[PDB]
Each structure stands twice: as C-alpha cells, then as structure tokens.
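To keep things simple, chains are lettered A, B, C, D, E, F, G, H and I as they appear, and every chain counts its residues starting from 1.
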Amino acid sequence: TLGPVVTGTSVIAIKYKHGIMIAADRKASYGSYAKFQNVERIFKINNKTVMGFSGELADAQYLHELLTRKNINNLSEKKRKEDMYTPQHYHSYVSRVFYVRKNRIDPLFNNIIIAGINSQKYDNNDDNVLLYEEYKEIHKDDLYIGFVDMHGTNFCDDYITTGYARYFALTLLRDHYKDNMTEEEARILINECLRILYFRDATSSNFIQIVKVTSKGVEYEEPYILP
Amino acid sequence: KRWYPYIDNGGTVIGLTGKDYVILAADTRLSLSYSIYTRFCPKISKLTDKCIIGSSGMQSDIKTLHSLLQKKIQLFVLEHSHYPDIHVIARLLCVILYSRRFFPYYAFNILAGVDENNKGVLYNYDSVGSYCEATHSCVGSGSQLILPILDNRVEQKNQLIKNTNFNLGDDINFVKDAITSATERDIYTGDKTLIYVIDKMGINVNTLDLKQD
Amino acid sequence: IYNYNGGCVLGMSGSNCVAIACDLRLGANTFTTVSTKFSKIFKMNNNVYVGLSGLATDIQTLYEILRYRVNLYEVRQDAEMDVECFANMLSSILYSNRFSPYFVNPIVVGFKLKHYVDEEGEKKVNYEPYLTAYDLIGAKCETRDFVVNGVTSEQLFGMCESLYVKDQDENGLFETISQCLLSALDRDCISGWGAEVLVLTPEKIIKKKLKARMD
Amino acid sequence: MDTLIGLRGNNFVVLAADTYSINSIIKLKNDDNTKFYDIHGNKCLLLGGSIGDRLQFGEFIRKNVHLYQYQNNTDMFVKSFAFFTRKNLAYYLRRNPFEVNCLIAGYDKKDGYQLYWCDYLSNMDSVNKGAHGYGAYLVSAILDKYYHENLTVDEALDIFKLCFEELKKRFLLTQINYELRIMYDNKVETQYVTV
Amino acid sequence: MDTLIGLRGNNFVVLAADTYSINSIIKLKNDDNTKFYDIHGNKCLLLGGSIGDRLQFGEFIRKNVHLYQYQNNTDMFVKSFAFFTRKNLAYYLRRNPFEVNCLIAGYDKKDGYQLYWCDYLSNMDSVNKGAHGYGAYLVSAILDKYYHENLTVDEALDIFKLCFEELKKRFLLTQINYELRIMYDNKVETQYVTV
Amino acid sequence: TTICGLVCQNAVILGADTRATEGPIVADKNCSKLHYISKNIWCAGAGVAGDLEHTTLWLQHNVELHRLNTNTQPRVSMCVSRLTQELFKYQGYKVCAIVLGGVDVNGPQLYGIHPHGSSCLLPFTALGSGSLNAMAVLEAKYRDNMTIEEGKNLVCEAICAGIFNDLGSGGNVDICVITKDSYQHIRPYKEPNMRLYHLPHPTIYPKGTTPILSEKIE
Amino acid sequence: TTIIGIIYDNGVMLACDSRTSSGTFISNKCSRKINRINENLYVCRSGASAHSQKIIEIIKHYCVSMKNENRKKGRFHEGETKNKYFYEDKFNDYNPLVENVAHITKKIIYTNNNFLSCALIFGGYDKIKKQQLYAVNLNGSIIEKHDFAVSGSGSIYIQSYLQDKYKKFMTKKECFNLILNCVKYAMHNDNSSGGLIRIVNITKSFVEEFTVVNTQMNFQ
Amino acid sequence: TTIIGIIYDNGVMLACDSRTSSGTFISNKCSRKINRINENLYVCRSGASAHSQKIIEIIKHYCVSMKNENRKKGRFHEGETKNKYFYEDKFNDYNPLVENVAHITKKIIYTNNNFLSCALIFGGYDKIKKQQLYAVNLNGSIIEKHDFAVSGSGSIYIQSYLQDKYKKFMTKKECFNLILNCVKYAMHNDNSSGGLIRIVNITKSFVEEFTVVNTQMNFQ
Amino acid sequence: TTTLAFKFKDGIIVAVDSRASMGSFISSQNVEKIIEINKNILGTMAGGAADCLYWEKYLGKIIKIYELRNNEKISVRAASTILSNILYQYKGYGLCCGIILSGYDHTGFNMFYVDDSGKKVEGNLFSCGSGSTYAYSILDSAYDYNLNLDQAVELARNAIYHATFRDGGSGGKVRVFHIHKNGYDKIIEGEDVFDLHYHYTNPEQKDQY
C-alpha cells in the first residue's frame, strides 16, 4: 500500500441488451516485467454482480475478501430473493471504503469497477455459491455500471472503462456505442477496443477474459485476440 | 510519491437571487486532470423542499458532504417535526466544514433557498466554514470568469442605473449567458448544465445544453 | 507575470476604431500601491500602440528596446511602420530572451493600413483593427477582436467574452471597453487604482482616464 | 531596514532619511551616516539597503553623471538622470543585484521639481510623495493625509516632523535622528532633525 | 528581542526591562507592556520572548505558586520557586517549548536576596548580575565594570541608568522606556525610567 | 492540443485542433497549428507555442535559403534533419512535439518528431495532449493505401475525437492536404460552436465617468 | 528494447524488436533499430532514442568521411517465421574501401564518453577479422564479444536461454531459429515487446534483412 | 537470491541457492532458504532476510496453532550433481491433521499486508488439491501457480530458459535436472549466486532434501 | 483587512473595511467583520476567514453560558482571556486570526488585542490586519481622546479610507460602530467610492502620486 508493484491494467464494462459484458486482459506486470500472465481480475461477488479491477493486485485480493464476506453476511440473513445486495449497494459501499481511507493517506491504489444487474425480476432464489435456455431482455436501466477512483470519485454510466483504456477504448465507445446492442455486436466492439489497447498499451497483452452478467448468471470465456 | 490526496474535478455553480427566487446553475462535467470521466454528474443536490446546495470541489468530498448534510437534516426533521430554515442549514454547514478544519474538505459550496415569504437568500462557503450571505456568487474553475460578469449585471456601478428591475424571466437568461460565456473560455466548465429555480411554490430543474469541447 | 507589480491590459476592436485600456497601479509589494499614474500603453508609432503588463522593471526595459528598434527602423525606411511587421518584431525580441525572459505580457493594437491600392482614386487606405496578444515567451495569436493580457486575464476573459459585440462606433466601443474593464478591476486586489482608456480612430486619438475605484 | 521619505511640491523637493548605521549584527554602528549623494547638477540621490551596495552604487552614479556633465559642458536633467540611474540598476539586476532603494530628486529648468522612485528591482516612476524601507508602511499614510496640493516648503517640514514622531512612536526600531535636504530656490541646503 | 536586566546586591534586588511590545510585524504595538509577574511571597519573575508564551508561562507560574502559598499557609522560598519555575519550563521543553527567558528574583528569611537566570532552554543558576535578549550583549559588560561588591541600592540604579543609555545609544532597536523593580527592606516598589 | 496526420495513396494529410490554453483557461479558440514550410511540406507542431512558432519560422526560411542555393524542391528528409539537430542541442527546452510530412523525390513521407530529437517515420501518428485519443480512432480505422476523400474524412474524424474526449483540445478542426504538386490549407473545417445569444447587450452612451478626456486630432 | 547479436560459422546476425515505449504508452511500433552505417557493418542501437539518433548521425558522418579517405589511387585487384519480408544486397567486395569495424566501435567511445546514455551493438564483416561483434555500453566500454551479445531492457530475460542453446559453430539456418526464438522470448515476458522483429544477416558477400511477425504459444 | 518451484507429475520441487549478499559482501554462504513449516509444505523465502525471519516465525506459530486444532476426536482410518547430500523423511499420512497449503499462503497476505518486503514461495502436498505451488509477492498478492514459479534477484535471468524447457507432465528425474540447471544458470550470471543449492522434493508420501555443489562450464 | 479602536472620550469607535480576498481575486466584498459577542463586547474578524469567524462565534457560546450561570455580564478582560487561551491550544496548527475584543464592562471601557498565539494585550488604539500600519499612521497624529462622537467617527472613517486607498487587500464598504455606556449603534454601514471626497475633491485629473 506504499507503492504499486504488481499492477493490473484496463478493464472495460459495457452493457448490452442481455446484460453486462465486462472484459479484461489477464496479465499482471511486476513493473516492466510480465511476471504473471494468467491472473484473473474479474471476480464474482454476487449471483448478479462482478467487480472489475485495475492498479495494484495486492488490493483486489484485499477488496475481494471484503466484498466476498459481506456477500455471505447477506446470504445468511436472506429470507426472500429481494433481500440480496444490489450492485448499487456495493458500489456505494466500496465508495465508502475508498473515501474513508482517503481521510488517512493509505488509498489502496485501485480503479475498482462494480458492475451487475440491479434488479430482481428474474428468479434466482437458490444460491449455490460454493458449486454451480435463453437470455432475457433487460431494460438498460436495471443495469448498474459503477466506478471508483482511488480518490473516492464514483459515478455510473452505460459503459465504464478504467485504468488505461480510458484514453483508448473510451474514444471508440463514446462514438460507436448505441443502446441495446446484441451479443455478437458487443464482443466485436470490445475486440476492436482491446486490439487497440494491445497495440498501443505497453502494460497489456492478449488472452482476454470476457465476463457477461446475464439474467441467468455470470458466465466466463477466454478468447485470444487475432491482430 | 507522497500521494497528494486532493484533486479538482472542475465544474462551476452559478448562484443568483432576488426578492422572490434564487437561481442556481451548475454544469455536469466531472473531469480528471485532462481526461473526462463523464458528461453528466449532477453537482446540485436538494435538501429541503426549499433549499438546495451546489458544490464544485472534488467529487468524493462533494458527495460525502451532501450525504452527510442530509443525514443531519433528516435527523433535524425527525426530532423537530418541521423542516429547518435556510439560516439553520447555513450555520449547520459552517460547523460541519470547520469540524474538519485541519484536513478540510476540498469542496466550495453555495447554499441557496428561501426563508421568509420569499426573501431569496444565498450563502457561499470556502471549504472551511466561512459563509457570507451574498446577492450572487459562483464557485469552481469558472469562478474567476463569472463573478466579474455578475457584478456588472446585478450591482450597477454604471453611470446610469438601468436594469434596476430584475424579473425571473430575464435573470434566467443572465445566468444562461454567464454559464455559457464561461463554457467557451474555461476548460473544466461542463457540457450540460442544470438550472434550479426556487420560487415560492417549488424548485424547477429546467436544463440547458452547453458546448462539448 | 507576478503578483509583484500587478497590472492589466485590454484591447478591443470596433468598426474601424480600436481601443486600448489598462490600469494605472504600480504595486511596489503585492499588497501595496506606490503610484497611480503608471500608464502601461505607449505610442510605439502613430498608429501602432503597445500595451505592456507585468514586472514594471521589464515593462520600461522592454519599452525602451522597442522604441530603440522602431525609431531605428522608421528612419532607415523614410516611412512609417505598420503593425503586422512590428508584431513579428515583438515575437522575436521576447523569444531571443527565451531563457532569461522579460516578465511582460505585451499587447499590440493599432491600425493595419491595408493596401495603397487606389481603386477609382489616387488614395485608398482602409484601416483594420489588428489586435494581438503575447506571452513572456513571445507566442502571439492574432485576433480580430478583443485581446486581454495581465494578472486579471481570467477576470477579463469572462467580462469580454459576453459584453463584447462585433462592430461598434467609438462612442459605444469606449463604453463597452470602459465598463468591460472597470468591473473586472473591482475584483482583483493587485490592480486597478485608476483606469485609462485610449480609443483611437484613423483621424483622432481620444484618451480618457476613467473614474475607477481606488480600492 | 532604513527609512527614506521623499516629498515634492510645485516649488520644492524635500528628502529625508534616518542617519543610523544598522550595518552590523545588532550594534548601532554609527548614529550619523551618509546616504545622500549630492550631485552638482542641482540633483540629489537617496539610497537604502546594505551600505556595501549604497557605497558603490551611489558613488558609481555620481561619477558617470559627473563625467557626463564634464564631458558635455551641460548639466544632466533630472529625468535623464532618473532614467539613467534606473537603467544601470536594471542592468545589474541579473548580474549583481545591487539591493538598493533609490529616491532620485532634483530641479530642472524645464520640468521643475521632479521626484522619482526606484525599488531594489528597477521600478522607476515619477511620484509626488515617496517612501522606502520598513518605515514606508508608516509614513506613507501620513504623507497622503497632510499633503494638500501646492504646498509651501515650510509646511512640508511640518509634515516631515509629523512623519518622524510617527516612526519613533510606533516603528519597530525607533529611529530618533533624521537628516533632510531642502531643495528650492536653487538652494540645496541640509538640516538634521532629532526625534 | 526584549531586554531583561537583573542585578542583585547583598541587601537589594533590582530588575529591569523594556516596556515595548514588538509583538507584531513591525508596529510597536504598546509602549508600556507588562513583563513582570509579582508574586505575593515577596518574590518576582521577569520573562521575555513571544508574549504568547510570557502570558501563559508567567500566569501559570503565578497560580501554582499562589496555590502553594495558600494550600500551605507558608510562603514559598525563592530557591524553591527558582527551581520550580525551571522544572516546569524543562518539563515542557520536549512537549511545548515555551520559548521564554526568565529572571527569577526574590527575598528569603534565610538565604537573603537571590537572583536567578533561566534561558529558553532550562538553564537555571544563581547569579549576581543577569541579562537577557539581544540587549544582553551590551548591558552585560557594563554590569561587570560598575558592579563592585556590597553595593547600595541607589548605586545599582545609577548602573541601570548607565545600562539604559547604552542600549539607546548603540542597540539595534533603541529602547527608550524601561520599567524597574526595587526589592529591598521588604518593600517591592516599582518605577519607570525613560531613556 | 491534438495534432494528427497520415499518408494516403500519393499524398499526406495533416490536421490539428485550434486552441491554446494557459492551463486553467483558454487563450484563443482560433490558433492555426499547421505551419507552412515550403510548397510541398507542412508541419503541425504541439507543445509550448513560443518555442513552436519560432522553430517553424526559423525552419520555414532555412529551407527557402537552401532551396534558392540549390534549384531542387526541398526534401522532407532534409527538414527533419535540421529540426532534430537544433532540438537536441536544447534537449528538453525547445519543447515542441512537431509532426511534419510532405512529398519529395520519394513518396509521401510523414515524420513524427519529439521534443528531445527522436524522429521516426510513420504512416500515421498523433501528438499533443489528445494524441492518446486521436491515435485510438486513427489506428482503428486506418487502412493502408486509401483515397483522399476518405483520408481527409478520417483525419477529420480523428481530431474530432481529440476535440471532445479531451480538455486541452477544442475549437475548429482544420487540415492541410499536401499532394505531390500543391497544398490545400482548408483553415476552417468543422463547427463545434456556441449555443445562446440573448441580446447584443449594448450600453447607453454616458457610462464610465471620465474625470479627464484629452482628445487629439492628428 | 531487446537486441541481439549472434556469430554463426560464416557471418553475424543482428536481431531486434520494433517498439518505442515511452512510459507504458507505445509511441510507435515498427521503428528502425538495426541501422546501416556502411554496407557491411550495422549498428543495433538501444537506450534513449534521442541520444541514439545523434550518435548514428555522427557515425554515418565519420564512416563516410574515411570510407573515401582510405581509397588507393590506381586500379586495384584486376586479377579476378510467417510473413517474412526478405531482401538481400551485395557489397563492393575485396573490402579495400570499407573500413574495419574495430574503428567504428572504438570511434564510439571517444564520441559518447559523455552524459549520453546509449548502448549500441556493432556487427559487421571485415577483411582482417572476419566477423566481429562489439558491445558498447552506457559509458563507452567496448568489449569485442566473440560469441554473442545482448543489451536493452528485455535482454536479461533470455540471458540464460542464450548461453544454453548457443553452440560454437552454427549454420545460418540454425542460427536464424535461435535468434528468432531469443527475441520472441525476450518479447513474450517483457513490456518492451516489439511488433515485427528485424533479423539481419551480415555475411561474407551479402546482407539480407529479414522481418518476422510472430508470437509465442506454450503447451503448459 | 534465486528461488524456484516446479510441479512435476506427482510432486513439487523447491530449489534455492545459499547466499546472503549484503552490499557485494557475502555475509554467509550456506544459509537456509527452503524452510519447513509443516511436514508437507515448505516455504522458499527471499528478499530481505530480517523480514523473512519474522514471517516464518509467525507462520510456524500459526501452522501449529491449527495443526492440532483440526484434529478429530476418535480413532480414524483403521481400515488400512556431485557431492549430493540426500536424506528423506515420511509424513503422518492420510493428511487429516496437516492443514491445506491454501490457508498458509492466504494467511500470509493478511500477515504481510504491511511495509515488510518479503517474497515467499509455498510448495506442498495436500489431500484436496494434490500439489500446489503459490507465489506471494512484495505486497501480498498470492497467485496459485500451476506450472512453476520463480522469484528473487537472480530469477529473471532464467525466465525464458524455464518457460522453454518446462514440459507439462515431467518425471522426478527430469524435473530434478531442469531445476538443477535452472538455479545453476541463475547463479552463473548473477551476483547473488549461492554456494550449495538445496533442492527439495515434496511428494505424496515423503520429502527428500537434496543439496548440490556444482558450477557451470560452457563450450563456447 | 483593517480595523480600528479608540477608547476615546465617551466610548469606542471600532471601524473596519469589508473586503475578503483569496490571493489576488476578491472572493467577496460585503463581509461583516464586526461581530456582536455580547450586547457590549463586540469582536473583530481579521486574518484567516474561518479561523476567526468560528472562534468569536465559539467565544460567543462560552460567554452566553457563563453570563447565564452566574447572571452577571462578563467583562472584556475575562472575555479576552478566554479567547486567547483556546487560541493558544492551536500553536502549530496554522490558525491565523487577529481579534480586537473591544467592549464595555462594569470597570469602564476596556479593549484587548488578541492574536492567534495568545497575544492578549490591553491598550487604547489597536488596529490589526494588512493595512493596520497605515491605520496607526493616521490615528497617532490625530488621535486626542478628547474628541466628540462627531469628529471621532470622522477620524475613524478617515483612517479606514487611507488604509484601503494605499493597501491592496483592504477596500469595500467601511463600517464604523460606536459603544455607549451600554450597547452599540452602527453609526456607519457605508460606502467606499469616496476618495473623490477627502483628497482630489474635484474630479479633473487622476490624482497622481
């Protein structure tokens, strides 16, 4: 928490019609040395939310533990499916964690993104957290894409890219993103963002992990971009 | 290296008042040093039915000061069953800011509302508990560009005192002029602005679109 | 540019008349006044007016080197000197000192004297505003309308940006430069112990010292 | 550190200074110094700051001026002298600072009694009532209130007596001895005032 | 910055100080200050340095002493008082510096007229001729030459008059007003000397 | 300040925004960052304006002087060599992230230069604060060997990204096509502009107060 | 900036990557690193780009100022890997004109014995010593490597891999593969990974400049 | 300090060197690096020696404070390379007592999420996940390596050499040679070259601690 | 920022300007420096904005309680001492404030300068702030203690003008209060474009100096 040594890189989290599509490369670099090239930086902290990550890796695995145990604290005191913690709650809670530390001078260098489905209109009232058809349309207003800078700066949009894509993939998104995209439309748009990052961003690589938060759950897959 | 914990996200909060109303206008850009986080982050919050607060500091402190202030007002409502006058909210914010004097919020505030029949009153602060009731004020990156303008169209140090009469219909057009004149010339002043008008019946959130450059 | 020796300079353009205005304070220390007569606009030529602002030591030093160069050039040409070439002089004198710079922020205003083209006559000169600005390094930016430079720049960009309107006569241009200046010097504490507006026309020069606020 | 006061009417110029020589750690080395530098050409010059710089900027100017008035049978006007003193002081502002505060004075056949004012940075300009040093924070306001226009020379001394008791009563280091110069009727005379 | 002079014979103790209040940027705020802190138990105390620390170290000592003389029907001896004042000043030397210079004084039934001496660092010790502040560089030597043993109280004033004209004539900031305390025959009287 | 340029099938297209900022505010909203050098090469700098403006002016003439002594069209490979040599003597002081291009005996060549002196040869590049934004949209849609009317459109689309998504860049984009024979400086090229103008706001004739008014007729 | 030089049986290879990182932001892929001083000797520059620019400019000035100077007067010697972009050119042989590599390298120490942090590598053919391969350092410390030489930020990740796989007298084919795999590895696990890599093969009578565009996939 | 961990087919190796450099002066050759937390899991510590000392002391305190805690009550499972100094010892198998490696590693992050720069590597056998091999970092960033892990000053000189020679499922013999050659190379070209190297072979039913004393000679 | 006080023949004239600046820019110009502590004791803001506005409000709290529990009106000397003590607790914390706690108590007309470092001091003619040096200048040469209310406020207004005219950080509306044997009445809540009144009475030039 004195300085970042094992740092992640940019993540991108847009929302398409079936749910969120948050993507991130899988490299953590020990400065200028690609020490780890299979690290995962998109964790599931609920059956309906994920949590992005950028900056130093030592603090995700910190902030992962904080949420993942708050989640079970919810999961113990849940009687109805509407008692779950909406992704808004976490992003308003993570914002507190970053802000309260800014009162001190230990910020836990990060650019956490909180993304998930902020609604309960789709039955998942049986939580198999320990061990785990068609998508449903989502009103694009029930999807919450948070963001928290290491100064506490927080907000939500339709698409939040953090780390270093904020200069590269943000320009593509700001002029090619339209509401209610589709499955293959989002992936090719993101693949046209990361392919831009992989070319111009030194601290980023291939071997993308793409996570989609749909009406049925959180799904994973590991593409490998073709230049 | 030392992790300086203050940043200026920019934005400006124009304030203006009269015998019947107060006009509060703030942009919505929320920007880091040179990049832009978002095109719409409301810098203006309402506290009572007739009292709104606008801030132009660092967005973490802006939020955590408005959320904290509402906590101390809904608390006031529960214990006293009647909403606090603006004067009450005025001093209450002075203490909250000054309570953290030695690590101050980086949040310049303008507090606007009505207390008497209308008697439109408007306080402005500087990040440490120092409020002076004023006729017109603005805080933020564009503060240094707008206060000159408003001092030549509210207080008349002109030879012949014209426009001595001010009507809500025209003062909005003054504010829309100020918030737009600063928009070209200032860097951080936003792209979409929200104008709040507090008249005797309620608050109006009519909007205006500015330059995006 | 310092809070030491505060000062400000403004210039706007009209139909075919331009006006230059500046305060009159020589601030010894930042929060102290020791003169209310330190005019910061000089007649570099009969229609090339320069408005300096900043360190009052280098205002006069740069004024003298300009008057030394202009008078030298006017004599060697037998004829008067136009602004456009003079403006590029000032962008080289400042830049020659790029490493040990004069802390001045000059403004050059005055009529351009477009072609002696003489259509349907023996004399056809049409004056054009030609305002400009600079910086201590010497980077200019020609501007068809208002130019402001000084400590109060950010208090005057806002005032000029709204109150300015495209084309005006002198009797109205002076009002929108006097009211555009007076009401920005009432908001900066290191400048504004008396203003001076000097509107010039291709025929006459009108120099006024307004009734500013001695605060 | 040393107080310089300059006043000027339409028919007189009066300069004033404190005659202390602070110029050591704490010991008031000399209670009657020499700060003025009388030029022959009916001018004067008054300096402040460290005496190492007074003695070699004051004396350097006296030469180049006197050299000028001898090389050219004329006598330099005050305005030329005022803007020459500044120029040299500005010349050395980036080589050898010469931390001095001037108050040029003098009489002209054309422009009459001119007072001037130069800071340690070369900030020359004509004035009607100068002041320098930490004492300038206390005599300046006194000078404004009691300087009505077209003064007579005897009034200006009464203003100066009013300025001197002010420094003694309220200044940090209470100067008691002052030395004036009374330039009028083409008669540069001097007098010393205590308290 | 402020001059404190303390002298002591075998049948008198005399303290002296300048009554200025430098205590602002340059403005001589008050020409008649209060530095002494008369204790009832026929003692005294004289302080220097910033008045923010004089006012709360002087007043703090007056209480704990007066509290002592009331809690215990006795009156504290000078030596106990002298080594109590030092102790508290040494107590805070590493928490809140209290940049003050003392000159404890007083009379005892046993040890007679004792003068003391504490620096801003707590350096207590009995002496016969104290001094403090930048003026101590100029009155100390005067005190040695003219302090012959077994002085009479009227002589000590003549030494003090000799010390005061010294500061005015040669000190940096010429103190003119001084206030004395003349402790003898169990009569703590005071007088003010100008120049 | 965002400046991007790229090559085409037989011509090179420059481009720049138009504003100069004191850092918290803007100085003017129309400041041509393109800069003529010779009939067939142009440069479009960035960085501080004083060091930028005089570097080109010094170079604009030191090419003509060399073009007159010889009788050949100046070579872009030359003007880059004189820039880097002067820049490196001032290793980090004549800060000016210049990009220049043109045509010569060889094809359309576009050199990207940096303040220290490192000069590269690129098919497309972008400098200045918005270079991060400009390079993104520039690189995604760039295709080798395109045509002018889509080359111009892209570079206009490229800067238009740096105009919006950046704070240090704004105003009217503009372009300088540098085809083999001529140049096509198109100084205004787009319209990001203002919104509201309620009234002219003129003041009545007797304002101010003017204790003195000395009027002189020459 | 990874950068390599290998000496096979009858010629010297000089690879490099192509990337100019400036604070985690790729200023430009596809940048020249294997420069061309004379027909036979090539410079592989590294370190700060600005500094390496002037040095190559100065050397190209010197190597021409003496290429012509050491010309004799009269007539002489009248007795006789996907997407690999390849092209070769020949010398003007017998090498009487083209000056030795050892001068060019030792000319660097004199030139860059300054505060000018560049770390070049020189590889060429010569008449007297067949194929030499020097390694100037930051302060100008040339040592004539006889086996191989690496430098730049990304070299140290393949130091051991090179010393293990490097045989003594290798053929052009197996020297190419080794220098191809070396730069690729120094790119896979380093944040100064170029795009295309520019293998250059200086040999007795010709110089062929390959360019390779490829990545790594591992079965682990 | 070079330091390695390789996962062969049925067990995990954990090499290291033995040298404590303190400013170019060898404070001591032959120092322990492969510590012993419990019978099955060993810690390979690196970085500052003082910091790594307390951490191992704390962990040995925790790993005992819960080794006994997770004991069930009743009776259970009643149904059934020159100068290489070698010795092996056996477990107390069925592993009900000995706690999982994943705790010990994740217990580190909580412990050394401080200003305490140590870079451990954990290797052990376990009941649930057979042989795991973690890599704590300076700020406590554990990532479960599945193939190999290196750290310390001298590791980066064999990064590529390891990724090339590492097959997927290796036998004990050929995993030993690879981990022997790896540490030797990280020693040949690094100024934190230990003396003897301490290869350790945690496997299903035993733990054998080799020590090797050798150098490198190359034919080039 | 300026301030005065007199303790003249029959009361006290506390007079201030009304400017409040942030470096160069003028944040506000209708700020009320004078603060009513008691019906008789009235303070004066200066130096830092909050670090003096808050404490004289805080000192307002302390006196209201004490004046209630003992039901005797506090004295200036007691009021000043309370202020300087709590102001002492923040030596190194950067508090900046200079307060002139003028007022009237049972023991006549008192007056007390207070600074951020507990600089409590009794006097007659204090003045604090950037322009205080010029304010002392005018008073010392004119103050007489036998002035009547008419020409005393004229003198107080005269000083505040000369301070604001000469100083950069002082200007705007001038206030001039007065203190009877009980209470206080705001004699002037005034104006500041009156250079053209005192000197340079007839506007015909610029008043060069």
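We adopt the following convention: a residue touches a chain if its C-beta (ideal position, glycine included) is under 8 Å from a C-beta of that chain, and two chains touch if they have at least 3 such contacts.
K.L.:
Could you see whether A-F or A-H has the larger number of C-beta contact pairs?
P.N.:
Most contacts of the two pairs: A-H.
K.L.:
Rounded to a whole Å, what is the gap between the Cα centroids of chain B and chain D?
P.N.:
Comparing mean C-alpha positions, chain D is 52 Å from chain B.
K.L.:
List the centre-to-centre spacing of chain F and chain I in whole Å, with centres computed as mean CA coordinates.
P.N.:
Roughly 58 Å separates the two chain centres.
K.L.:
Just give me the whole-number Å value for how far the CA centre of chain C lies from that of chain G.
P.N.:
The answer is 59 Å.
K.L.:
Can you give the whole-Å distance between the Cα centres of chain C and chain I?
P.N.:
Their C-alpha centroids are separated by 41 Å.
K.L.:
Using the touch definition from the top, which residues of chain E touch two or more other chains?
P.N.:
Within chain E, the residues that touch at least two other chains are 26-27.
K.L.:
If a residue has to touch 2 or more other chains to count, which residues of chain A qualify?
P.N.:
33, 167, 170, 199-200
K.L.:
Got the chain C residues that touch at least 2 other chains?
P.N.:
Answer for chain C, listing residues that touch two or more other chains: 32, 35, 37, 154-155, 157, 162-163, 179, 182, 186-187, 209, 211, 213.
K.L.:
Each pair of chains that touch: what are they?
P.N.:
Listed in label order, the chain pairs in contact are A-B, A-F, A-G, A-H, B-C, B-F, B-I, C-D, C-F, C-I, D-E, D-I, E-I, F-G, F-I, G-H.
K.L.:
Could you please specify the touching residues of chain I with respect to chain E in the complex?
P.N.:
84-85, 88, 91, 113, 115, 117-121, 123, 126, 128, 132-133, 136
K.L.:
Considering only the defined contacts, which chain C positions touch chain F in the complex?
P.N.:
My answer: residues 46, 91-92, 94-95, 98-99, 133, 135, 137-141, 143, 153-154, 157, 162-163, 165, 168, 171-172, 174-176, 178-179, 182, 197, 203-211.
K.L.:
Mind pulling up the chain G residues that touch chain H in the complex?
P.N.:
147, 156-161, 163-164, 166-168, 181-182, 185-186, 188-189, 218-220
K.L.:
Which of the residues in chain I end up touching chain B in this complex?
P.N.:
Residue positions touching the partner: 20, 22, 25, 27-28, 30-32, 49-51, 53-54, 93-94.
K.L.:
Once bound in the complex, which stretches of chain E touch chain I?
P.N.:
21, 23-27, 29-30, 33, 50-52, 55-56, 96
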